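Number of protein chains: 2
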Amino acid sequence: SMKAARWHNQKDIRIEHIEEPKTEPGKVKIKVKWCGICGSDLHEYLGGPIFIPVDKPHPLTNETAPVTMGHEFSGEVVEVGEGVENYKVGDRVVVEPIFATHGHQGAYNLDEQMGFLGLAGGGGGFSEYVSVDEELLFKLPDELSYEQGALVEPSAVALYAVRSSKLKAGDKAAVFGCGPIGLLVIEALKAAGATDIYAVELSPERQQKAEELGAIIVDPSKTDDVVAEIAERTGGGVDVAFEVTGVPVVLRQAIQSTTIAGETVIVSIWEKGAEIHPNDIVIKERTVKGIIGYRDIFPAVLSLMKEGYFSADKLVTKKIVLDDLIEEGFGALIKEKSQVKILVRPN
Amino acid sequence: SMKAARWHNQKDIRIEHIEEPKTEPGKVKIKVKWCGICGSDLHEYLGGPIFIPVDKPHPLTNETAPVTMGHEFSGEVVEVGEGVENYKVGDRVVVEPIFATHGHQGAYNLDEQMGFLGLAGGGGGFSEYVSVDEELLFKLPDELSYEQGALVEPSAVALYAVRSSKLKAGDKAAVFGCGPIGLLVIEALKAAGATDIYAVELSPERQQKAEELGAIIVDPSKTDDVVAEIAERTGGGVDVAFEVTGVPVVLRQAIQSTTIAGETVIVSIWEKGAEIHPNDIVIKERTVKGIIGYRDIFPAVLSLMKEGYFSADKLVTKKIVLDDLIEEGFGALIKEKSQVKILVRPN
Ligand SMILES: [Zn+2]
Ligand SMILES: [Zn+2]
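So the sequence lines, in the order shown, correspond to chains H and F.
Count the first sequence with the numbering used here and you get residues 1010 to 1356, in order.
Count the second sequence with the numbering used here and you get residues 1010 to 1356, in order.
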């Protein structure tokens, strides 16, 4: 009675019909217009479960697989719960898909029982309807399209990384790894006023997107020493380096490419250890900083989009319908290194 | 004439007689009373040269090996140069032994041509007399003995690490490795208001000195998991951890022993790589911070000494004469783990 994409087991995401969820007193029913593919969705497709509860129920959702998937979405309010006064039918909204013990207060991205809508349960954007509590809503300005709204959440991970960093207007930066996440970091750096952004990337398609976003390409295959090159063109190093590859050798380079008191922000996911040179941190009084999730960031993202940043013209590379999610969505992400963000339409 | 201790080659420090230096217009001649052993001095004895210029002259000293050794010293002004107005004969002084391109301005400890008095040249405290420029002098308050003055420089290394950290009054800290440097950090932590300081140390003599300075002993041989113990006695981890062992496994533990947004300050020396878990930094939004030398710190140290911190009663464990420097000094640092700081008297 509602078409949805549910995760049942690894490599087993089904496009099935499930019952429309009832709008409970605290909630608001959204008819989804667009939803993106996180790459976390890609990671649970190929090698889950990681964030999807399967063995024990998730503490806050209290639900196990199968779960509907999809954060990074926007849509139109079609029905309003019992206690809701800040949203009427017809309102255009986006969702900050974080479940936390005490709500969106304090450091909710680091809450012990934290979970994601579309991963831990509570609905998902790869469906026609999702019923979320109004504490997770943001009004979509009329200037911004629904597709722009579907880009709010993934832009937030990038912007929260840049805002969390020592970066100031006019400073120089480096992004190591310019996949979909690294590219969003480049756009966020330009919003924050970064000038020279040194993008270290091998793939020509990804090099040609980073250059469109305003970065300088440092091809590891065309330079003898990447760290020496960034040091030469900056006179001692960039002010902030962003590690997005998850490669141990590259984490070393990111630290070595910062100047006196520079900062290395780790954005990538790590499963195994990595050998660093702690001397490189001590010699120049450097700093390494961890970043996960985001918090108190959606208004800033929404405001920057009204100014042209995080444009869907630059970041959205494909629009698909929910039926074609397996082959035209995940499949395209697996085969085409040129894909940045893919938006999914329920019908 | 003048008796001095010179570094000629590795494991080759000689007690010789050299020329009393001229008091040049900008300089001040100090009759040294006491000088300490940094462990940097010990490291040049066992495996130098490291900071000792040998091949090429040092940029600022313009001086090659051999060199007189010894920073962390105090003494009595016995002759004053042509341009000096802030120091008269008889003044009791201590020396901040940093040579930098632009003097003691900006971040002179990270200056490209940076060098240490007693290592890069320009005299040293293991001699009867030293001729330094007055920008490197600080008046020794009458409350503090000459022995107290000789502790300013090593105290500055410890205090500068603590002040450079996110530590606030009441917070909890952990010190991994309680050798001579770690012990000075514990005393510095108490000055800054650290309450529960978890000292991770195997040596009973060093455990019982750290306990005297106000820390809690975490014996690795008496607990199955060091970080698990520190994590629960703090309810999730300390706020700042100090790594002083230089062992890769311990750097992992220091990072893992910090709480949400915790900070790991590296104080140890590193020559080879070290395997960390970058995931440990990302999950809890942690920070790892490098610290080398010190800057703009001597007045703070001197003031805290007037209040009883960094007391020589607690930190000076042996006083020797310069003649016995090799066997009762360096040898004692290698063989007796109960030694904290050893002071050396010229005659
Ligand atoms: Zn996401
Ligand atoms: Zn020293």
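Cβ coordinates follow ideal geometry from the N, Cα and C atoms, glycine included.
Would you report the Cα separation of residue i and residue j, rounded to the nearest angstrom?
i	j	result
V1253(F)	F1082(H)	48 Å
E1072(F)	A1129(F)	7 Å
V1171(H)	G1191(H)	11 Å
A1183(H)	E1137(F)	52 Å
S1277(H)	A1283(H)	12 Å
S1049(F)	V1291(F)	34 Å
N1095(F)	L1160(F)	23 Å
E1316(F)	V1103(H)	58 Å
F1060(F)	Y1117(F)	16 Å
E1053(F)	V1353(F)	17 Å
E1091(F)	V1037(F)	9 Å
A1309(F)	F1251(F)	21 Å
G1057(H)	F1307(F)	56 Å
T1326(F)	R1215(F)	12 Å
residue 986(H)	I1285(H)	Since the first and last residues shown for chain H are 1010 and 1356, residue 986(H) lies out of range.
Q1262(H)	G1245(F)	32 Å
Would you call residue i buried or exposed, if buried means 16 or more other Cβ atoms sit within 10 Å of its Cβ?
i	result
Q1122(F)	exposed
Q1217(F)	exposed
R1023(F)	exposed
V1098(F)	exposed
residue 1390(F)	This structure gives no information on residue 1390(F), because the portion of chain F shown stretches from 1010 to 1356.
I1343(F)	exposed
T1204(F)	exposed
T1296(F)	buried
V1258(F)	exposed
residue 1360(F)	Absent from the model: residue 1360(F). The displayed extent of chain F is 1010 to 1356, so no value can be given.
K1065(F)	exposed
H1067(F)	buried
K1031(H)	exposed
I1300(H)	buried
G1115(F)	exposed
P1213(F)	exposed
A1178(F)	exposed
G1255(F)	buried
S1010(F)	exposed
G1202(F)	exposed
Under 7 Å from any heavy atom of ligand 4, does the C-beta of residue i make it?
i	result
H1052(F)	This structure lacks ligand 4; the ligands present are ligand 1 and ligand 2.
Measuring alpha carbon to alpha carbon, tell me which of the options ends up nearest residue i.
i	options	result
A1109(H)	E1144(H), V1076(H), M1078(H) and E1336(H)	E1144(H)
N1018(H)	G1255(H), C1044(H), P1106(H) and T1077(H)	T1077(H)
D1142(F)	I1301(F), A1074(F), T1070(F) and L1352(F)	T1070(F)
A1219(H)	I1264(H), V1236(H) and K1199(H)	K1199(H)
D1333(H)	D1050(H), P1355(H) and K1065(H)	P1355(H)
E1241(H)	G1223(H), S1230(H), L1324(H) and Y1207(H)	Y1207(H)
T1267(F)	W1043(F), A1201(F) and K1175(F)	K1175(F)
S1140(H)	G1132(H), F1251(H) and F1147(H)	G1132(H)
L1168(F)	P1066(F), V1274(F) and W1279(F)	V1274(F)
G1045(H)	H1080(H), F1147(H) and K1323(H)	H1080(H)
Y1155(F)	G1244(F), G1057(F), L1222(F) and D1322(F)	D1322(F)
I1335(H)	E1025(H), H1111(H) and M1011(H)	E1025(H)
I1107(H)	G1090(H), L1119(H), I1301(H) and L1126(H)	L1126(H)
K1328(F)	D1233(F), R1215(F), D1248(F) and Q1157(F)	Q1157(F)
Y1303(F)	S1173(F), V1256(F) and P1229(F)	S1173(F)
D1021(H)	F1339(H), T1243(H), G1223(H) and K1346(H)	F1339(H)
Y1318(H)	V1093(H), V1194(H), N1288(H) and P1229(H)	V1194(H)
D1289(H)	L1260(H), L1313(H) and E1105(H)	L1260(H)
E1280(F)	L1119(H), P1287(H) and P1062(H)	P1287(H)
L1119(F)	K1298(H), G1271(H) and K1346(H)	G1271(H)
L1149(F)	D1100(F), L1211(F), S1164(F) and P1163(F)	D1100(F)
List the residues that DSSP assigns as beta-bridge partners of residue i.
i	result
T1243(F)	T1243(F) pairs with nothing; no bridge assigned.
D1021(H)	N1018(H)
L1352(H)	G1045(H) and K1328(H)
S1083(H)	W1043(H) and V1103(H)
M1314(H)	Answer is none; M1314(H) lacks a bridge partner.
Does any C-beta atom of chain C lie closer than 8 Å to the C-beta of residue i?
i	result
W1016(F)	In the displayed structure, chain C is absent; the protein chains listed are H and F.
Residues from the stretch 1166-1191 of chain F in contact with chain H, defined by Cβ distance under 7 Å: none
Interface positions of the stretch 1297-1322 of chain F facing chain H (Cβ-Cβ less than 7 Å), listed along the chain: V1297, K1298, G1299, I1300 and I1301
Under 7 Å (Cβ pairs) to chain F, residues found in the stretch 1284-1296 of chain H: Taking 7 Å as the Cβ-Cβ cut-off against chain F, the residues of the stretch 1284-1296 of chain H that qualify are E1284, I1285, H1286, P1287, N1288, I1290, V1291, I1292, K1293, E1294, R1295 and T1296.
Contacting positions in the stretch 1093-1116 of chain H - beta carbon closer than 8 Å to chain F: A1116
Chain H contacts made by the stretch 1237-1260 of chain F, where a contact means CB separation under 9 Å: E1252, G1255, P1257 and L1260
Contact list for the stretch 1029-1059 of chain H against chain F, Cβ threshold 9 Å: none
Against chain F: residues of the stretch 1121-1138 of chain H by CB proximity under 7 Å: Here the close residues number zero.
Residues within the stretch 1322-1338 of chain H neighbouring chain F, beta-carbon criterion of under 9 Å: none
Positions along the stretch 1262-1275 of chain H whose CB lies within less than 7 Å of some CB in chain F: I1269 and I1275
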